[PDB]
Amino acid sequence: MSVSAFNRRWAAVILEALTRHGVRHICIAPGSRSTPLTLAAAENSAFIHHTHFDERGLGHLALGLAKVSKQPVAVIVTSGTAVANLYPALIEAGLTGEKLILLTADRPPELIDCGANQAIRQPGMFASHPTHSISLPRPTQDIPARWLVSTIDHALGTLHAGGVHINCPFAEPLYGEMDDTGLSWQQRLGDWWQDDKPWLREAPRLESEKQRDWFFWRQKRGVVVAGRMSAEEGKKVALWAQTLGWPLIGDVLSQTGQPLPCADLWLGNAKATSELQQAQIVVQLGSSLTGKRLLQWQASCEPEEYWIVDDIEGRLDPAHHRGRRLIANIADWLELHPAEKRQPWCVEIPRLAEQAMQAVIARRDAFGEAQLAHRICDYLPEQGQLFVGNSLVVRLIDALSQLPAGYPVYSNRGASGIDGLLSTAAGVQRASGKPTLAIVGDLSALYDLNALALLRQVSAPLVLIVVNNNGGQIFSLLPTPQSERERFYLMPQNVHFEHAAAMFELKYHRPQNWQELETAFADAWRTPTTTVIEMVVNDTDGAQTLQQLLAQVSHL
């Protein structure tokens, strides 16, 4: 009888199904057409609910929650451009593996392509970027609940990584009293409603087999490259490489402790690349390598075999080496391919790395973004986590700092967009409840400015450092043409962030020197709130300091 009531019962099956696959967090944006999903979610006690008004920011909030928690995170939006705004976060999830379940409300079929308000063609609108796409039919009791739950269960159960687009059409009426319409339809699932398992259990595991010739290859001269992995995996990789006697090139994203720090500098020295030419195998664990010199060495090296171990699917070597692409949990993979103690084979590179770090330390005093990057270890919150933005900051920390082994680092380095960094950081914080240091550039902060609304709600202190060098100064590091550089690349916006902080009642500091910065941090970690720290630096100093250190270390 009641369409409004059946809509809600149809939606309740969808939401309850998700709880059987570890969905705990659900992020919801406002709308009318999404009513059946949103009310089902609100009524379901299994969920932690997050809200936001900008669906692009909502998608990145969900991304951050998923990134840290390692469980699927659901999103509810209404029909129309609300759905399109989820694209950036979905694309990033497709590259780095976050499980985002996008529940996108839709008009019913009879209201598509007829000029109806807020009605667009939604099935397939994210093309190949979701791992799975479900285009649900117009709700009807003539399709059994067991079909609906089974379709959800197949999508979630078989999900190795990445997003799922579930398009959910609903016809009006959407509002009205809840009657018994659809109760017997639901009850056909019997005591599944009281169960904690999926209706259909379909959970194949995707994993490469052990490499049986590892105990041959581990005897050879090898290099370990560590990219993005978990904080615990970083510690395990550091011990493993040390035991192998192989040099470990550790990315800022690796949490290995970077025992040969400043690789972006010393990989520029001919003595280093000459010694690495002796490598017969490279075993890379993790991916999304940060530094230019590392990417260039990776592209140029010619070991007999190149292996990449990661739980991400697909090719991960942009230089297309002869070798192996091994899909595995990194910690599990290390157990299956253990190290045996062996004399180290590198003799020159440890010296060069020490010399490289000494060159950076010699330049630590100037109050600039290169020095902030170098020193950032001194400002990490205890038992906290770091969220590192894109553009210069991730490159500077990677090149100039040595981050502690096992200290959690998070980032958006799949597609490396500057469009969702504040909202992602908010999700990273909420997921773990840890004190968080997030560092972003000024254009990045402007891009996601309204995410400061989300940052009014954190469970532990969050410090947002905005490095304001007046534009995208990565384009002062790149050899962009001088005539067009300011207008068409740097795009200085000539703003500060004190009023932004004030709008959202966030504490704000603009430290002028190292002492003021240390005071600002000591202030900030005291309460479970977000503090904005704006570091104003001269436009090109960071880029130029990196360039100078590169040159200096190359001549060592």
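Start at 1 with the first residue shown and count on from there.
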{"item": "Average Cα temperature factor in the PDB entry - higher stretch of 67-75, 183-191", "value": "183-191"}
{"item": "Stretch with the higher entry mean CA B-factor, where the candidates are 118-126 and 341-349", "value": "341-349"}
{"item": "Selection by C-alpha B-factor (highest) of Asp311, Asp419, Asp378, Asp153", "value": "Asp378"}
{"item": "Which of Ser274, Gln429, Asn167, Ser423 ranks first by CA B-factor in the deposited coordinates", "value": "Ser274"}
{"item": "Among modelled residues of the same chain, the CA temperature factor third for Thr519", "value": "middle"}
{"item": "CA B-factor ranking of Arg33, expressed as a third of its chain", "value": "lowest"}
{"item": "Chain third (lowest, middle, highest) by recorded CA B-factor, residue given as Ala366", "value": "highest"}
{"item": "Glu202, C-alpha B-factor rank within chain (lowest, middle or highest third)", "value": "lowest"}
{"item": "Modelled-residue ranking by C-alpha temperature factor, third containing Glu382", "value": "highest"}
